[PDB]
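Contents: one structure, followed by commentary.
Letters A, B, C and D name the chains as they come in the text, with residue numbers starting at 1 for each one.
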Amino acid sequence: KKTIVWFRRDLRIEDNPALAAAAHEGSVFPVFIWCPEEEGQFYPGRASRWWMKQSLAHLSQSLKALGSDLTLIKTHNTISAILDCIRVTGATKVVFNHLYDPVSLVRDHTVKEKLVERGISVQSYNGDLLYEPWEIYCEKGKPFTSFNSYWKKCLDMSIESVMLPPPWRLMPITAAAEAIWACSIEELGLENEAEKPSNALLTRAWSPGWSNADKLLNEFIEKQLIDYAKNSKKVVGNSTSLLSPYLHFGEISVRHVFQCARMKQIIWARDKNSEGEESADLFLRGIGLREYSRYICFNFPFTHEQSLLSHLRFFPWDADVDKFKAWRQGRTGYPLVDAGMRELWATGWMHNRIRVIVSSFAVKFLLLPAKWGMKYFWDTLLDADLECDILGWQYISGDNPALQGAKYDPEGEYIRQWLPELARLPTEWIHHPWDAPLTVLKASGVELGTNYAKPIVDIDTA
Amino acid sequence: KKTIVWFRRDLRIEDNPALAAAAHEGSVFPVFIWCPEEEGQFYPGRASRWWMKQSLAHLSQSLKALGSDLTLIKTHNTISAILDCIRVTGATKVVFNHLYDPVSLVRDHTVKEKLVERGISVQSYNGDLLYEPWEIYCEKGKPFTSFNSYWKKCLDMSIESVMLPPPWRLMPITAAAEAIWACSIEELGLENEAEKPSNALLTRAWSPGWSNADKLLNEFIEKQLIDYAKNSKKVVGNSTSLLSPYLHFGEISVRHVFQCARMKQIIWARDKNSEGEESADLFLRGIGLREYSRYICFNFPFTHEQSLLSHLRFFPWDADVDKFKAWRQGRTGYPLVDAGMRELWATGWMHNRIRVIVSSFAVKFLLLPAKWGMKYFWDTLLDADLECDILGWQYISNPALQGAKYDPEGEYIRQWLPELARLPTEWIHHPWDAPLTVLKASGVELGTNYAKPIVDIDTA
Amino acid sequence: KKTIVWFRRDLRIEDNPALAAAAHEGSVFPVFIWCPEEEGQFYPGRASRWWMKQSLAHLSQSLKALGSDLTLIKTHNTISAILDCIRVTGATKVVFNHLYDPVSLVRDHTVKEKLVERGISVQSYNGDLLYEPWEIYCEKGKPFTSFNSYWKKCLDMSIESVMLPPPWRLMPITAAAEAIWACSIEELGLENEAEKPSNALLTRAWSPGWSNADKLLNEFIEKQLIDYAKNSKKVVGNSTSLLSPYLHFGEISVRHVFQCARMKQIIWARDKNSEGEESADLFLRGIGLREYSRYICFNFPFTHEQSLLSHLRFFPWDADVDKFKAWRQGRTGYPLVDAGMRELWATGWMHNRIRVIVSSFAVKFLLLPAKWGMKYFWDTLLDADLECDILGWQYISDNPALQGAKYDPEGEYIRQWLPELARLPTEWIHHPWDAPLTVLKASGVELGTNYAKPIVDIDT
Amino acid sequence: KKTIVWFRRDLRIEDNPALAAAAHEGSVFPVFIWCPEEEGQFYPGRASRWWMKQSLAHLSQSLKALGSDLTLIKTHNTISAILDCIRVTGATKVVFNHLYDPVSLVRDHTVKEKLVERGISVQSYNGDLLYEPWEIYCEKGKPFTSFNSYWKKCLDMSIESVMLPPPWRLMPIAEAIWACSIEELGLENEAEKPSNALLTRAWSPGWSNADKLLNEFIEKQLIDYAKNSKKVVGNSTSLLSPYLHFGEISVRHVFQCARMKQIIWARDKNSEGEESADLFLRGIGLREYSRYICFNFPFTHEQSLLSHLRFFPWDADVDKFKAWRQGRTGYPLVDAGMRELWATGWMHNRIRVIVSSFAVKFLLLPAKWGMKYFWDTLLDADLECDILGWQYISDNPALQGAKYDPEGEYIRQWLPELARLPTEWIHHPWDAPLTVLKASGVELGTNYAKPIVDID
């Protein structure tokens, strides 16, 4: 009994329907493979690379308490290093968890069918979704189009796979020679040397590792799930889940956040505390958006499999740099649009709606190439998914700054935290200081120019 | 397409494997049967009757939120009433859970028989035990007999069940005709109006219902599981888990107690938190006693002699009434056993230490018969589970020595016997022999505001 | 220049105006004189004495942080005693505080007129009361007669006392070997020997020392004083302030608490929190009664000229000593009565509402001589003063079926002290002997075996 | 019987010996006079002028509960109105509290010189100090030279006054000439009204709040004053400066409870606390040294400046100074100053000396030219204390920034741009070699103003 477990994005030792199977047959030794030779343009971002650089030491320490080791390996020809350890340990099946980005379904399918050459087979599993992306059908076996009708379907199926248990103890493979070309994390070029501390001060407002995701989940529900309904439009403060980074990397089983959040939604329904019950629907509706991402990405091919889906690939964005240089620096001249970008670079996370503020501003007002923008988004955000992000820059494809600010920001407290220079305007007309009278600004300490960035462009022509 | 569940001691829906398994094949219809006289002498006790009357009503709301209603039949011909309720819907399935009491075992092999022979399908499930007591083997087909040997093997076979989720939208069928006599719990014979006002005062210390179980669990594991290894032996107040009733009635799925109490055990091991790693494995071994009862009842053969298997069937040695009239009134004299019985009579629960002190003195020194022993616990103890009771007495078949390891400061005796508010611990645990002056200066004159020790410990 | 500060019942450093006045002239060194040969019948009780022994030792450490050393002395005659201190110190002035009990006014009256013969200036300083018992008169200069006729007159006073700070550094003065006839505490003997191991169990519910006082008052006012209206008549739990013993021994200054609430009340006086405003008023009146007590004990006849009003020794007494030893052991039957004495004997303190029940008991429903009723209270109350206490046995000189719901609605007070009634329904606990047998036997209470019978019929 | 107490800078009813001194007698009538033209330059700034608005709104609502009333007289001339209200009410006493600033010193003496004509006696009471500087004459009348020399004699001679009780009853007793409302007594202008809105987030005036910050501070954080006082980060300071300035809390009562817990920790041998206490009462301490020099000599011995800073020429220009309140001085340790001081009206002491010392020693502006601006925006504008520190001044942005900002998170809280540099660089970005610059998000000149200075 010898089996290899290949790890991609399931760095958790609780509710893994790939790992959990392996503990039955016999001993194992896991494997992480990093091959930057095949990703083409889909190479990871700048801090997302940082993320994997951190949880690994957290995870690999975990097997040292369950009696084994995660054994990292770099290479170009993943098949060969697979062919290597197949030669050095004599296991027969290589279990693993599915992936759904279309830079992976080509990688998996080819390596498996080239793995039968040695009479070597494989069983793939589902360890990151609620429903299969091939389960939901219409009446005639077609793909849905409206998520709302989609969510009703998944909401009344109630069929899951299993919430498996955690294994008791691993069966460890002894060792092997050093002809696999890598042993330690540093040789993996996840993070460059010139930016090692500079890309490390995000550790104040973050702490990866599934051990952390457990603390953050339990502390979340009992404390502030009752107020998620009356906070999801509040951009200020930690007013939402903050479980975006963990989910993309598979550190907390989303089919576990679906139970431990479900078993509270029933309690308030029993007590008829309809306030708390109403907050639970938007949350679970939240996760359901994520299914709409991948399910479409598999039923339809991603963005038509080309540059963009059907219409926005050759739109004449102004072929200019400094505005694009200005869009990210935080000097566009607007309170909102410049607000978060001073914070995006600060901790690599923004509210879910503010992103939809900043996003539409560039392509629809600055007229800059989204490829220059989305690439920056992939370049900077922690949890920069491949599938949902391209969904994000489709709903943003098809806004008076005054009105939407008050609803999003009622009392002018957000801008005062990420733009301290404007801490002396009245709560009225703060979000659009260029519209107020000239003399009231003199009443404050805001003078556009040398002490505050004038607006790059205005809506009068925009 | 149509099924009829049948709850016996699984008053819970989160992880009810005999429940979700019915939700997928169509529609369901819950039921609860009461066995008034087919229990013979195994009629549940007084207090234990009360806990059920508070658990069901709370539970009846819970399934109501899911869109269904629990029905309640009271008869001594279970196969008959179940055979009647079948013809109201024509279901081909009747699910339940596996139980190992000597009276429902025989009740179960027949009900399937009268159903399989009559030909209507039925599935059982397992939802009360991690390991089924037929799985564990020693070499080929023999059982173990040393619990440490048993537990040493359970820690090395992780193959077990899979905790399901709770369903979403349950659909009953019709509930058409009440000819099955859909009796109400108030119409169900659970208590007596004469004694009813007294028993309701138990709510000052407990609150039944499965939903309260969860709010206690997270209240437990996140707060005091880290130091349970240094609070199990301190009899005073609330130290232990206080889960014993909720696990007897299936108020909470035991396995989920074994997940959320393991993940908080692997974290400390990774962190070198050597203290917490000790207190974790003195709780998960705590549950381990629980299975070991079940594994002796079924796979070891039952009491071939009377209920007490092969130890005490000849030497009761007494038929007194006044002594038994004195042992349960807290007028014994020993200021440790007295502090218990008033604790039991006041809240219907004791700590595991005291449950082995009031017993040992109840037989080794008071000369009373064992049979009188078990039933009095059997009538009042909230968590009176029979399998975990014969184990309680076969473990047993001066207090100052044992007065130190369990309660050193003597804080306990000054909570339930306030007459001794002015005695130091050097004489609180045995007043009969203290110096004559110390009793005078304190508010204790033997016999007048406290009775002497009922039997001399020194000789007998 | 050189002075001798005298400590009698004001063991505090903050706001001791007799001391701060001597914090300007020169060097000071404290003194505590003891003589158990001048009080005779006024010898403070058993639990009273332990308060001194557990407050002085707390005080002495506080004065040594400022460069001083409280000396302690025994003597048969204080006059000859203090003259010894002149023998070595050779100081010049003498400052003390005023008292009002009938034993001190005679002694201290001799002190002034017997030290001027030695050409020694001597002063007093009234730092224990709010208003002088002699300054308040009627319009015609006669005294008042009734409390409420007096309290309104005391809410508009002009010539107030003064608040003081604590000095920084005290210049001590070392004279010679300690003294004649005595030592620190050993020869004064605040406690006998064998009584010591028992008394220490009082520390669980009290902690002497003025340093603990300030922690309490700040903890009491800004946390509990808002609800004093709704807790003044609830017997269970720490309803009232729990300040009585400190304010007797002067461990806190009465003119500092009275300020700390008035400045507090005016805050609520602005926001229209009358319910918070009104509860503040009762505590204010609570100080009014106590001050009222010192009034009539000075300008009205000395203890009314007798323990019984002037003679009051002829009416029916029927001295049956059996009940007395029967009463104070808490075995009388009336569960509220025996509730008290099982708290009075375990923490040396009761709620004042309770103290008017039992006090009515020993004389009315039992006919015992009142002097037997003081000898117990004086012997075990931790705040057994002389002046307010005589008021207690004078304010009195009612059916429990009613007042039971008056002061303990749900009956929590009985079940905390008497646990054997833990299974009566609440509407019967306050009077069991009216119960029907179908509920006594149905509960665990058998009148006459474990819980004593009524000592006497209520219609007697 | 009636007496006219005269509230000047003691807006509180607790421990006010200029008020309760009337209570022994009888009816009173409080009045508050303002004159925006007799103070000349000392016309209080925008910051302090706003603070006055809340307290009087808070005191008037306070005294009325005692069955009384407090008008709001305004005048062209102070001495005139008092004799005017005299005739209307016909009292015999006009008590008030002292103020030891020379601009108002002579004023009270001017009214002590006119009241003896009418034959109504006056009584001034000590309501701001533990030691009214007349008694502390040492060595027969030669004042001290340092502070600690001054702070020592008072200790061994620690005689004080008696903390007087609060009052119980205030039975009180036409147009007090051309009586004016609250808003005609202009403390604000029309424009600056809404901009004063956000300042409420930082403070909440009123004597009824001073006690809370007092009692909360004494029993919660006074242990950590010895270890937090040299930390710019967070709230590691009492923040009791304004509440103490306007007489909203009796300064001696603060010394009382402080000394109480001090000796308490001496009992339990908590040696760590006992240094936390003695350091703190030193904090109130040097305040007393301010008025001690301001009495025995007028401030700077005659005028606003001692005798010197008229030579030693300045960098006569405003575009330099125009940067300062704009907070573009390059050094984030300074530009973290103005961005706060502009937005809160308060700065920690240590930052205050590193910003104050800058304008004269590096920017080289006129010293008075910067002091005046502080009077406009610091919520604690006080001549007898502002001139103290400015006379206290007359280093390295990294060598000193290390003690008071170990992680720099104080800068990443007020300077949202620089949130991505290592802690050992964020005080002087120009030293960070270029490899750590473009990788980080800052390029000086566009993403952050270049330091307009030569560092040496």
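Here is the rule we go by: contacts are C-beta pairs under 8 Å (C-beta built on N, C-alpha and C of every residue); 3 or more make two chains touch, one makes a residue touch a chain.
By chain, UniProt protein names: A, B, C, D = Cryptochrome-2.
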Does B-C or C-D have the larger number of C-beta pairs in contact? B-C
Using CA atom averages as chain centres, what separation in Å is found between chain B (Cryptochrome-2) and chain C (Cryptochrome-2)? 51
Measuring from the mean C-alpha position of chain A (Cryptochrome-2) to the mean C-alpha position of chain B (Cryptochrome-2), what distance in angstrom results? 47
So, in whole Å, the Cα centroid of chain B (Cryptochrome-2) is separated from that of chain D (Cryptochrome-2) by 69
Indicate which of the five shapes (line, ring, star, complete, other) describes how the chains touch one another. ring
Every chain pair meeting the contact rule: A-B, A-D, B-C, C-D
Per the touch rule above, chain D (Cryptochrome-2) residues touching chain C (Cryptochrome-2) in the complex are 14, 23-24, 61-62, 65-66, 155-156, 158-160, 162-166, 168-169, 208, 215, 219, 256, 259-260, 263-264, 266-267
Which part of chain A (Cryptochrome-2) faces chain D (Cryptochrome-2) closely enough to touch in the complex? 194-195, 197-199, 201, 204, 329-331, 342-343, 345-347, 416, 418-421, 423-428, 439-440, 442-445, 447, 450-451
